[PDB]
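Accompanying notes for the structure given below.
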Amino acid sequence: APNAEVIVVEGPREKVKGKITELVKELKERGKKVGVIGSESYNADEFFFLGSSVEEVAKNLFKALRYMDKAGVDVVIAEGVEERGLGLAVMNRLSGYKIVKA
């Protein structure tokens with residue numbers, strides 16, 4: 236169970252990238268240290284690669300979350316794109335979390 240709040244942003248990749256970028260700025264402006272587990276940082280305070288396959292997601296997610304807690308992040312945004320079933324895999328491997339439609 237990660238200490239940080241977990242937010243999964245799902246939808247087509249194009250929309251997810253825009254939504255995550257938006258959320259990071261919002262969280263930062265509010266004073267929250269934010270981390271992103273995805274395909275890129277979107278300029279978050281912390282970043283950890285999610286993986287590009289369902290198998291990689293299942294393998295890296297918890298390692299990523301441990302990294303985030305060790306870093307003291309307040310909120311972790313997990314990229315959940317529709318393409319290649321990454322978002323579904325994220326939710327499957329995922333205590334409590336929020337889901338945001340991109």
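Counting with the deposited numbering, you get residues 236 to 329, 333 to 340 for the letters of the sequence shown. Positions of the beta carbon are idealized from the N, C-alpha and C atoms, including for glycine.
Assignment of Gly270 by DSSP, reduced to helix, strand and coil, places it in the strand class. In this structure, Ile242 sits away from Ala279, with a CB-CB distance that is not shorter than 9 Å. Contact between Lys268 and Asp309 is confirmed by a C-beta separation of about 5 Å, below the 8 Å threshold. Looking at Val271, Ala324, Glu257, the one whose alpha-carbon comes closest to that of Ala299 is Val271.
The beta carbons of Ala340 and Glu264 sit no closer together than 9 Å. Under a 10 Å Cβ-count criterion, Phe282 is classified as buried, with 16 or more other Cβ atoms of the shown protein chains found around its own Cβ. Relative to the Cα of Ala236, the nearest Cα in the group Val259, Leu285, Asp304 belongs to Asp304.
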